[PDB]
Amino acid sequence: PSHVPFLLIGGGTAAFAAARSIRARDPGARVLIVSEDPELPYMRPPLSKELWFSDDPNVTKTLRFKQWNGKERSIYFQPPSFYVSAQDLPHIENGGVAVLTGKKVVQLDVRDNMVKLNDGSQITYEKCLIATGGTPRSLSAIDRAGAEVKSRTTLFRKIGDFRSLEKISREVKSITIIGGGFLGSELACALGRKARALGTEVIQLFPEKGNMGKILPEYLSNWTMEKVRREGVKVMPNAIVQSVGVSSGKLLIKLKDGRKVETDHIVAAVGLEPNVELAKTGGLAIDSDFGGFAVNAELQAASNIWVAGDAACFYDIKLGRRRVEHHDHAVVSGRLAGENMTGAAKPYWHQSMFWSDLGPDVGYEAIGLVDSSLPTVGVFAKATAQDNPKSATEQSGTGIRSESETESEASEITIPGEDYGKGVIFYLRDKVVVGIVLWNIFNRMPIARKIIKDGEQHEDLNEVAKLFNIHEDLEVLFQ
(Lines of atoms letter the chains of each structure in order from A and count residues from 1; the text may use other names and numbers.)
(Lines give C-alpha, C1' and ligand atoms only; values in the text may rest on other atoms or scores of the structure.)
Protein backbone atom coordinates (compact mmCIF):
# COMPACT_ATOMS: atom_id res chain seq x y z
CA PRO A 1 0.00 0.00 0.00
CA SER A 2 1.29 3.52 -0.80
CA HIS A 3 -1.18 5.44 1.37
CA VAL A 4 -3.08 4.24 4.44
CA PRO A 5 -5.29 6.32 6.77
CA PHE A 6 -4.02 4.70 10.01
CA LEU A 7 -0.48 3.29 10.27
CA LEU A 8 0.67 1.34 13.33
CA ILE A 9 4.41 0.59 13.62
CA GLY A 10 5.03 -2.59 15.58
CA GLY A 11 2.60 -5.49 15.89
CA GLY A 12 2.52 -6.17 19.62
CA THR A 13 0.12 -5.49 22.46
CA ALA A 14 -0.14 -1.71 22.15
CA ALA A 15 -0.58 -1.88 18.34
CA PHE A 16 -3.42 -4.43 18.54
CA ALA A 17 -5.30 -2.47 21.20
CA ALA A 18 -5.05 0.73 19.16
CA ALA A 19 -6.19 -1.06 16.00
CA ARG A 20 -9.36 -2.25 17.75
CA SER A 21 -9.89 1.12 19.41
CA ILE A 22 -9.73 2.90 16.00
CA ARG A 23 -12.25 0.48 14.50
CA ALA A 24 -14.71 0.93 17.38
CA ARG A 25 -14.66 4.73 17.13
CA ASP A 26 -14.36 4.81 13.31
CA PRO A 27 -16.27 1.83 11.90
CA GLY A 28 -15.07 1.16 8.40
CA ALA A 29 -11.63 2.55 9.30
CA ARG A 30 -8.65 1.13 7.38
CA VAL A 31 -5.76 0.21 9.69
CA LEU A 32 -2.37 -1.21 8.68
CA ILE A 33 -0.01 -2.75 11.22
CA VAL A 34 3.59 -3.16 10.04
CA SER A 35 5.29 -5.95 12.00
CA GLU A 36 8.92 -7.02 11.67
CA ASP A 37 8.08 -10.41 13.18
CA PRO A 38 6.44 -13.21 11.20
CA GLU A 39 3.56 -13.68 13.68
CA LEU A 40 0.31 -11.78 14.03
CA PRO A 41 -0.10 -9.83 17.28
CA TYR A 42 0.26 -11.92 20.41
CA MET A 43 0.67 -11.38 24.14
CA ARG A 44 4.00 -12.01 25.85
CA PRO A 45 3.29 -13.02 29.49
CA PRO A 46 2.51 -16.71 28.74
CA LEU A 47 5.99 -17.11 27.16
CA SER A 48 7.58 -17.18 30.62
CA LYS A 49 4.67 -18.79 32.53
CA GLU A 50 1.87 -21.16 31.43
CA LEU A 51 3.52 -22.24 28.15
CA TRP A 52 6.17 -24.02 30.23
CA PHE A 53 3.77 -25.74 32.66
CA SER A 54 2.24 -28.05 30.08
CA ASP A 55 4.15 -31.25 29.35
CA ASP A 56 2.19 -30.96 26.06
CA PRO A 57 4.77 -31.22 23.24
CA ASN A 58 2.41 -29.50 20.75
CA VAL A 59 2.21 -26.06 22.39
CA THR A 60 5.37 -24.99 20.55
CA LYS A 61 3.19 -25.28 17.42
CA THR A 62 -0.35 -24.42 18.52
CA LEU A 63 0.76 -21.55 20.77
CA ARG A 64 -2.32 -22.49 22.79
CA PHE A 65 -1.51 -22.75 26.51
CA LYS A 66 -3.42 -24.16 29.46
CA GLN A 67 -4.23 -21.43 31.95
CA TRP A 68 -3.72 -22.32 35.62
CA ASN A 69 -7.39 -23.38 35.68
CA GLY A 70 -6.96 -25.77 32.73
CA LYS A 71 -8.82 -23.57 30.21
CA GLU A 72 -6.93 -23.25 26.95
CA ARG A 73 -6.19 -19.89 25.36
CA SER A 74 -4.36 -18.78 22.23
CA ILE A 75 -1.37 -16.51 22.72
CA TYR A 76 -2.70 -14.55 19.69
CA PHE A 77 -5.08 -11.67 20.36
CA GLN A 78 -7.23 -12.65 17.35
CA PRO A 79 -7.10 -15.41 14.73
CA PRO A 80 -6.02 -14.65 11.16
CA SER A 81 -9.68 -14.58 10.03
CA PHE A 82 -10.11 -11.39 12.10
CA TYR A 83 -7.73 -9.51 9.78
CA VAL A 84 -7.85 -8.57 6.12
CA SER A 85 -4.91 -8.78 3.75
CA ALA A 86 -2.85 -5.65 3.18
CA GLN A 87 -3.63 -6.00 -0.53
CA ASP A 88 -7.39 -5.89 0.15
CA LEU A 89 -7.22 -3.18 2.85
CA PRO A 90 -7.66 -0.13 0.51
CA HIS A 91 -10.60 -1.69 -1.34
CA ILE A 92 -12.59 -3.85 1.07
CA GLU A 93 -16.05 -2.67 2.06
CA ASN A 94 -16.29 -1.54 5.70
CA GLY A 95 -12.47 -1.35 6.10
CA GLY A 96 -10.52 -3.60 8.43
CA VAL A 97 -7.21 -4.32 10.12
CA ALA A 98 -4.34 -5.74 8.10
CA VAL A 99 -0.90 -6.84 9.30
CA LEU A 100 2.17 -6.66 7.08
CA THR A 101 4.27 -9.30 8.78
CA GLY A 102 7.97 -9.72 8.11
CA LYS A 103 8.51 -6.01 7.32
CA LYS A 104 10.39 -3.45 9.40
CA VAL A 105 9.81 0.29 9.28
CA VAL A 106 13.41 1.51 8.86
CA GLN A 107 12.78 5.24 8.45
CA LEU A 108 10.07 7.62 9.67
CA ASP A 109 9.90 10.99 7.89
CA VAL A 110 7.78 12.98 10.33
CA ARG A 111 7.67 16.09 8.17
CA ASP A 112 6.39 14.17 5.13
CA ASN A 113 4.00 11.78 6.96
CA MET A 114 5.85 8.87 5.32
CA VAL A 115 7.63 5.66 6.33
CA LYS A 116 10.12 3.52 4.43
CA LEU A 117 10.31 -0.25 4.91
CA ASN A 118 13.32 -2.56 4.79
CA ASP A 119 12.26 -3.77 1.32
CA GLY A 120 12.45 -0.19 0.00
CA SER A 121 8.71 0.42 -0.25
CA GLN A 122 7.22 3.66 1.06
CA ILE A 123 3.89 4.34 2.76
CA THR A 124 2.27 7.68 3.56
CA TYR A 125 -0.21 8.00 6.41
CA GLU A 126 -2.73 10.42 7.88
CA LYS A 127 -2.33 9.14 11.46
CA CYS A 128 0.53 7.06 12.86
CA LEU A 129 1.21 5.09 16.04
CA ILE A 130 4.71 4.21 17.19
CA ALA A 131 4.28 0.93 19.10
CA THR A 132 7.78 -0.48 18.68
CA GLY A 133 8.25 -1.76 22.21
CA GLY A 134 11.77 -2.34 23.47
CA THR A 135 15.03 -4.12 22.80
CA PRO A 136 16.64 -6.40 25.43
CA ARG A 137 19.83 -5.23 27.08
CA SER A 138 22.80 -7.55 26.83
CA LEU A 139 25.79 -7.83 29.16
CA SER A 140 29.04 -6.16 28.16
CA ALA A 141 30.75 -9.37 29.26
CA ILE A 142 28.70 -11.26 26.65
CA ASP A 143 29.26 -8.44 24.12
CA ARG A 144 33.03 -8.81 24.56
CA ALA A 145 32.76 -12.61 24.34
CA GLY A 146 33.05 -14.45 21.04
CA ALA A 147 30.42 -15.29 18.47
CA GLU A 148 29.89 -18.72 20.03
CA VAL A 149 29.13 -17.31 23.47
CA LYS A 150 26.64 -14.93 21.89
CA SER A 151 25.10 -17.80 19.88
CA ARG A 152 24.50 -19.68 23.17
CA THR A 153 22.92 -16.72 24.99
CA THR A 154 19.15 -16.17 24.80
CA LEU A 155 17.70 -12.69 25.34
CA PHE A 156 14.25 -14.01 26.21
CA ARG A 157 11.58 -11.92 24.47
CA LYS A 158 9.44 -13.65 21.83
CA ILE A 159 7.82 -16.85 20.59
CA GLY A 160 11.06 -17.70 18.82
CA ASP A 161 12.93 -17.64 22.14
CA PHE A 162 10.34 -19.85 23.82
CA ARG A 163 10.74 -22.37 20.99
CA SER A 164 14.54 -22.38 20.96
CA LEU A 165 14.96 -22.39 24.74
CA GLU A 166 12.32 -25.06 25.38
CA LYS A 167 14.25 -27.31 23.00
CA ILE A 168 17.52 -26.50 24.79
CA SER A 169 16.00 -27.37 28.19
CA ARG A 170 15.00 -30.77 26.81
CA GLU A 171 18.53 -31.31 25.43
CA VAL A 172 21.22 -29.80 27.72
CA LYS A 173 22.29 -30.54 31.30
CA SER A 174 22.68 -27.00 32.64
CA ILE A 175 21.04 -23.67 31.87
CA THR A 176 22.07 -20.45 33.63
CA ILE A 177 19.77 -17.44 33.98
CA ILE A 178 21.43 -14.05 34.46
CA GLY A 179 19.06 -11.54 36.06
CA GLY A 180 17.07 -11.57 39.29
CA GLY A 181 14.02 -9.58 38.20
CA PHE A 182 10.53 -10.92 37.69
CA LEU A 183 11.12 -12.30 34.20
CA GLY A 184 14.37 -13.99 35.17
CA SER A 185 12.70 -15.50 38.22
CA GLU A 186 9.67 -16.66 36.23
CA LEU A 187 12.05 -18.41 33.81
CA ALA A 188 14.03 -19.84 36.73
CA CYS A 189 10.89 -21.45 38.14
CA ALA A 190 9.73 -22.57 34.69
CA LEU A 191 13.09 -24.09 33.77
CA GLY A 192 13.47 -25.29 37.34
CA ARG A 193 10.37 -27.47 37.08
CA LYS A 194 11.49 -28.92 33.75
CA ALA A 195 14.95 -29.70 35.14
CA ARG A 196 13.57 -31.38 38.28
CA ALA A 197 11.64 -33.86 36.11
CA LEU A 198 14.66 -34.52 33.86
CA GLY A 199 17.41 -34.63 36.49
CA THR A 200 19.22 -31.56 35.10
CA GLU A 201 20.43 -28.23 36.42
CA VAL A 202 19.17 -24.64 36.45
CA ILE A 203 21.28 -21.78 37.83
CA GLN A 204 20.11 -18.22 38.46
CA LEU A 205 22.56 -15.47 39.31
CA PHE A 206 22.24 -11.73 39.78
CA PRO A 207 24.05 -8.90 41.62
CA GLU A 208 21.31 -8.08 44.17
CA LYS A 209 21.02 -9.74 47.56
CA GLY A 210 17.94 -11.68 46.41
CA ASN A 211 15.33 -12.06 43.70
CA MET A 212 13.58 -8.84 42.70
CA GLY A 213 15.76 -7.15 45.29
CA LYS A 214 15.56 -3.77 43.55
CA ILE A 215 11.75 -3.87 44.03
CA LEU A 216 10.76 -6.09 46.99
CA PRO A 217 11.76 -5.32 50.57
CA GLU A 218 14.52 -7.54 51.84
CA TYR A 219 12.21 -9.86 53.85
CA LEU A 220 10.17 -10.74 50.81
CA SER A 221 13.06 -10.76 48.35
CA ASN A 222 14.76 -13.41 50.50
CA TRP A 223 11.56 -15.44 50.82
CA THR A 224 11.33 -15.37 47.01
CA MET A 225 14.92 -16.54 46.65
CA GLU A 226 14.11 -19.52 48.89
CA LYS A 227 10.94 -20.26 46.92
CA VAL A 228 13.05 -20.36 43.72
CA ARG A 229 15.61 -22.55 45.49
CA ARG A 230 12.86 -24.98 46.52
CA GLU A 231 12.12 -25.39 42.80
CA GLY A 232 15.61 -26.91 42.51
CA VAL A 233 17.29 -23.80 41.14
CA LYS A 234 20.78 -22.95 42.38
CA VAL A 235 20.41 -19.23 43.11
CA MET A 236 23.61 -17.19 43.38
CA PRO A 237 22.94 -13.69 44.77
CA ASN A 238 25.54 -10.92 44.97
CA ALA A 239 26.94 -12.13 41.64
CA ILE A 240 28.60 -9.76 39.15
CA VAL A 241 29.58 -11.35 35.85
CA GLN A 242 33.15 -10.42 34.93
CA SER A 243 33.67 -12.50 31.76
CA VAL A 244 32.15 -15.33 29.74
CA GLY A 245 34.20 -17.72 27.63
CA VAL A 246 34.05 -21.23 26.23
CA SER A 247 36.14 -24.09 27.60
CA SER A 248 35.83 -27.78 26.74
CA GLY A 249 32.58 -27.09 24.88
CA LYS A 250 30.86 -25.56 27.92
CA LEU A 251 30.20 -21.92 28.73
CA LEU A 252 32.38 -20.69 31.61
CA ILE A 253 31.06 -17.70 33.56
CA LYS A 254 33.64 -15.97 35.78
CA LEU A 255 32.15 -13.77 38.50
CA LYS A 256 33.90 -10.72 39.91
CA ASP A 257 34.14 -12.34 43.35
CA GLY A 258 36.23 -15.16 41.84
CA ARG A 259 33.56 -17.85 41.62
CA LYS A 260 33.13 -19.72 38.33
CA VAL A 261 29.97 -21.26 36.84
CA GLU A 262 30.14 -23.93 34.15
CA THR A 263 26.93 -24.26 32.14
CA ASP A 264 25.60 -25.27 28.71
CA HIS A 265 23.46 -22.24 27.84
CA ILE A 266 22.71 -18.74 29.11
CA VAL A 267 19.44 -16.85 29.35
CA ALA A 268 19.93 -13.14 30.05
CA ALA A 269 16.98 -11.18 31.48
CA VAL A 270 18.60 -7.89 32.52
CA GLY A 271 16.05 -5.43 31.17
CA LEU A 272 15.35 -3.52 27.99
CA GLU A 273 15.82 -0.25 26.17
CA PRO A 274 12.82 1.36 24.44
CA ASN A 275 13.22 1.01 20.70
CA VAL A 276 13.69 4.62 19.63
CA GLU A 277 15.70 4.00 16.46
CA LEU A 278 12.96 5.73 14.40
CA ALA A 279 13.76 8.98 16.22
CA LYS A 280 17.00 9.10 14.17
CA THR A 281 15.86 11.37 11.31
CA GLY A 282 14.27 14.01 13.53
CA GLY A 283 10.98 15.44 14.68
CA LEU A 284 10.59 13.20 17.77
CA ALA A 285 11.80 13.90 21.31
CA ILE A 286 13.48 11.28 23.52
CA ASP A 287 13.77 11.00 27.30
CA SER A 288 17.25 10.52 28.75
CA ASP A 289 16.24 9.83 32.38
CA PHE A 290 14.09 6.78 31.62
CA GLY A 291 14.29 6.22 27.86
CA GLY A 292 11.55 6.19 25.25
CA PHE A 293 9.67 8.70 23.12
CA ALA A 294 8.57 11.75 25.12
CA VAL A 295 4.80 12.22 24.66
CA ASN A 296 2.26 14.77 25.85
CA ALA A 297 -0.84 14.04 27.93
CA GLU A 298 -2.73 12.67 24.91
CA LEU A 299 0.21 10.37 24.02
CA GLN A 300 1.18 12.57 21.03
CA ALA A 301 4.81 12.76 19.95
CA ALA A 302 4.07 15.02 16.95
CA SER A 303 1.07 16.55 15.19
CA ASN A 304 -0.15 13.19 13.80
CA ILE A 305 2.09 10.70 15.64
CA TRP A 306 1.19 8.95 18.90
CA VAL A 307 3.17 6.46 21.00
CA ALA A 308 1.95 3.65 23.27
CA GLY A 309 3.28 0.70 25.28
CA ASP A 310 6.90 0.09 26.27
CA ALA A 311 8.25 2.69 23.82
CA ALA A 312 6.37 5.63 25.38
CA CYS A 313 7.82 7.87 28.10
CA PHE A 314 4.54 9.28 29.32
CA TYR A 315 3.44 11.66 32.03
CA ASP A 316 2.04 9.49 34.84
CA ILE A 317 -0.92 11.20 36.51
CA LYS A 318 0.74 10.57 39.90
CA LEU A 319 4.45 10.08 39.28
CA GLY A 320 5.18 12.39 36.34
CA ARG A 321 7.53 11.37 33.58
CA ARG A 322 8.02 7.62 33.43
CA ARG A 323 8.21 4.53 31.27
CA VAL A 324 6.85 1.08 32.22
CA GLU A 325 7.08 -2.48 30.96
CA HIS A 326 3.48 -3.45 31.74
CA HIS A 327 1.07 -5.47 29.66
CA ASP A 328 -1.68 -3.36 31.28
CA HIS A 329 -0.07 -0.11 30.08
CA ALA A 330 0.38 -1.42 26.54
CA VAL A 331 -3.35 -2.35 26.38
CA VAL A 332 -4.75 0.83 27.97
CA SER A 333 -2.33 3.28 26.29
CA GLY A 334 -2.79 1.51 22.94
CA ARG A 335 -6.56 1.82 23.22
CA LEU A 336 -6.34 5.49 24.21
CA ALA A 337 -3.86 6.24 21.43
CA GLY A 338 -6.28 4.71 18.95
CA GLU A 339 -9.06 6.91 20.30
CA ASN A 340 -6.96 10.04 20.01
CA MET A 341 -5.99 9.08 16.46
CA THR A 342 -9.71 9.47 15.68
CA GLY A 343 -10.03 12.81 17.48
CA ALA A 344 -10.97 11.93 21.07
CA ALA A 345 -8.37 14.30 22.59
CA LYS A 346 -8.35 12.34 25.86
CA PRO A 347 -5.49 12.44 28.40
CA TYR A 348 -3.75 9.30 29.63
CA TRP A 349 -4.68 9.20 33.33
CA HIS A 350 -4.48 5.43 33.85
CA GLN A 351 -2.45 3.95 36.71
CA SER A 352 -0.76 0.95 35.10
CA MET A 353 -0.50 -2.32 37.01
CA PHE A 354 2.10 -5.06 36.73
CA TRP A 355 1.87 -8.71 37.73
CA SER A 356 4.19 -11.70 37.85
CA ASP A 357 3.36 -15.36 38.48
CA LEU A 358 6.19 -17.66 39.41
CA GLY A 359 3.81 -20.57 38.94
CA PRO A 360 0.25 -21.41 39.98
CA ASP A 361 1.20 -21.03 43.67
CA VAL A 362 2.97 -17.64 43.83
CA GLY A 363 2.13 -14.29 42.29
CA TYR A 364 2.84 -10.60 42.77
CA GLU A 365 1.15 -7.41 41.58
CA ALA A 366 2.67 -3.94 41.55
CA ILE A 367 1.41 -0.41 41.00
CA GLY A 368 3.01 3.02 41.24
CA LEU A 369 6.57 3.64 42.40
CA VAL A 370 7.86 0.34 43.80
CA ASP A 371 11.53 0.83 44.68
CA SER A 372 13.10 -1.09 47.56
CA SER A 373 15.25 1.93 48.48
CA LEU A 374 12.09 3.75 49.53
CA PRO A 375 10.80 3.21 53.08
CA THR A 376 8.22 0.41 53.03
CA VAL A 377 5.47 -0.68 55.42
CA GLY A 378 4.78 -4.39 54.96
CA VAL A 379 1.65 -5.94 56.43
CA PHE A 380 1.53 -9.71 56.14
CA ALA A 381 -0.83 -12.60 56.77
CA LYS A 382 -1.21 -16.33 56.39
CA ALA A 383 -2.37 -17.30 52.93
CA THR A 384 -5.84 -18.80 52.61
CA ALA A 385 -6.63 -21.44 49.99
CA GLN A 386 -7.72 -18.81 47.43
CA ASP A 387 -4.61 -16.57 47.79
CA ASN A 388 -2.63 -17.79 44.78
CA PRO A 389 -2.64 -17.23 40.99
CA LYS A 390 -4.41 -20.53 40.15
CA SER A 391 -7.39 -19.72 42.38
CA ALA A 392 -7.49 -16.18 40.99
CA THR A 393 -7.52 -17.64 37.46
CA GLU A 394 -10.26 -20.11 38.44
CA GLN A 395 -12.38 -17.28 39.86
CA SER A 396 -11.95 -15.04 36.80
CA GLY A 397 -11.36 -17.47 33.92
CA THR A 398 -8.23 -15.60 32.79
CA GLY A 399 -4.59 -15.72 33.79
CA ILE A 400 -3.95 -12.30 32.28
CA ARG A 401 -4.07 -10.52 35.58
CA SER A 402 -4.74 -7.05 34.23
CA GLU A 403 -7.96 -8.58 32.88
CA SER A 404 -9.05 -10.26 36.12
CA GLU A 405 -8.10 -7.22 38.23
CA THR A 406 -9.65 -4.98 35.57
CA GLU A 407 -8.30 -1.56 34.68
CA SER A 408 -10.73 0.13 37.02
CA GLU A 409 -10.21 2.11 40.23
CA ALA A 410 -12.36 1.74 43.34
CA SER A 411 -14.57 4.75 44.04
CA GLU A 412 -16.19 3.93 47.41
CA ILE A 413 -15.42 1.09 49.85
CA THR A 414 -17.77 -0.33 52.50
CA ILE A 415 -16.86 -2.81 55.26
CA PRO A 416 -20.10 -4.69 56.14
CA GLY A 417 0.43 -22.67 55.84
CA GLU A 418 2.98 -22.33 58.63
CA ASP A 419 3.89 -18.64 58.41
CA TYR A 420 3.28 -15.60 56.19
CA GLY A 421 2.03 -16.35 52.69
CA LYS A 422 0.65 -13.02 51.46
CA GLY A 423 0.59 -9.32 52.22
CA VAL A 424 0.54 -5.72 51.05
CA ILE A 425 3.67 -3.56 50.94
CA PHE A 426 3.21 0.22 50.96
CA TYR A 427 6.02 2.31 49.44
CA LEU A 428 6.26 5.73 51.06
CA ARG A 429 7.56 9.08 49.89
CA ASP A 430 6.71 12.36 51.63
CA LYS A 431 4.59 10.43 54.16
CA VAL A 432 2.34 9.29 51.27
CA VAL A 433 1.82 5.93 49.56
CA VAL A 434 3.38 6.18 46.11
CA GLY A 435 3.49 2.46 45.31
CA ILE A 436 2.03 -0.87 46.40
CA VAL A 437 3.22 -4.44 45.98
CA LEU A 438 0.62 -7.16 46.53
CA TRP A 439 1.96 -10.60 47.42
CA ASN A 440 -0.58 -13.37 46.68
CA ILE A 441 -3.45 -10.89 46.94
CA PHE A 442 -5.82 -10.87 43.99
CA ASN A 443 -8.89 -8.86 42.94
CA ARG A 444 -7.85 -5.83 45.02
CA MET A 445 -5.83 -3.79 42.51
CA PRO A 446 -8.79 -1.37 42.12
CA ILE A 447 -8.38 -0.69 45.84
CA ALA A 448 -4.63 -0.13 45.49
CA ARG A 449 -5.35 2.37 42.70
CA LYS A 450 -7.73 4.27 44.98
CA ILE A 451 -5.21 4.47 47.82
CA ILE A 452 -2.44 5.78 45.56
CA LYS A 453 -4.72 8.26 43.77
CA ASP A 454 -6.00 9.66 47.07
CA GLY A 455 -2.43 10.36 48.18
CA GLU A 456 -3.35 11.13 51.77
CA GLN A 457 -0.82 11.11 54.61
CA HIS A 458 -1.89 7.75 56.03
CA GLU A 459 -1.59 6.80 59.58
CA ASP A 460 -2.94 3.32 60.32
CA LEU A 461 -1.71 1.54 57.30
CA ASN A 462 -2.48 -1.28 59.74
CA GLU A 463 -6.15 -0.55 59.00
CA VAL A 464 -5.75 0.06 55.25
CA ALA A 465 -3.91 -3.26 54.97
CA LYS A 466 -7.13 -4.93 56.14
CA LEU A 467 -8.73 -4.02 52.79
CA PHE A 468 -6.16 -6.32 51.16
CA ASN A 469 -5.39 -8.99 53.76
CA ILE A 470 -8.56 -9.64 55.74
CA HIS A 471 -11.90 -8.35 54.54
CA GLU A 472 -13.59 -10.75 52.10
CA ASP A 473 -17.11 -9.42 51.47
CA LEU A 474 -16.13 -5.82 50.79
CA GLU A 475 -18.87 -4.12 48.78
CA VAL A 476 -17.12 -1.71 46.41
CA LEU A 477 -18.34 0.36 43.45
CA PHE A 478 -15.71 0.35 40.70
CA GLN A 479 -15.15 2.94 37.96
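The first residue of the sequence shown is number 1, and the count goes up from there.
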Q: Scan the PDB entry between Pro416 and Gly417 and report the missing deposited residues as one of none, 1 to 3, 4 to 9, 10 or more.
A: 10 or more
(Q) Which is higher on mean Cα B factor in this entry, 137 to 145 or 187 to 195? (A) 137 to 145
Q: Would you tell me which stretch averages the higher CA B-factor in the PDB entry, 451 to 459 or 14 to 22?
A: 451 to 459
Q: Could you say which of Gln351, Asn388, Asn222, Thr200 has its CA atom at the highest B factor, as listed in the PDB entry?
A: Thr200
Q | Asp328, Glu298, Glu93, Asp287, ranked by C-alpha B-factor: the highest one | A | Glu93
Q: Compare the C-alpha B factor of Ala410 with those of the other modelled residues in its chain, then answer lowest, middle or highest third.
A: highest
Q) Taking the C-alpha B-factors as the PDB entry records them, is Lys61 in the lowest, middle or highest third of its chain? A) highest
Q: Could you tell me which third, lowest, middle or highest, the C-alpha B-factor of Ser243 occupies within its chain?
A: highest
Q. According to the PDB entry, is the CA B factor of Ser151 in the bottom, middle or top third of its chain, that is, lowest, middle or highest?
A. highest
(Q) Taking only the Cα B-factors deposited for this chain, tell me whether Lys227 sits in the lowest, middle or highest third. (A) middle
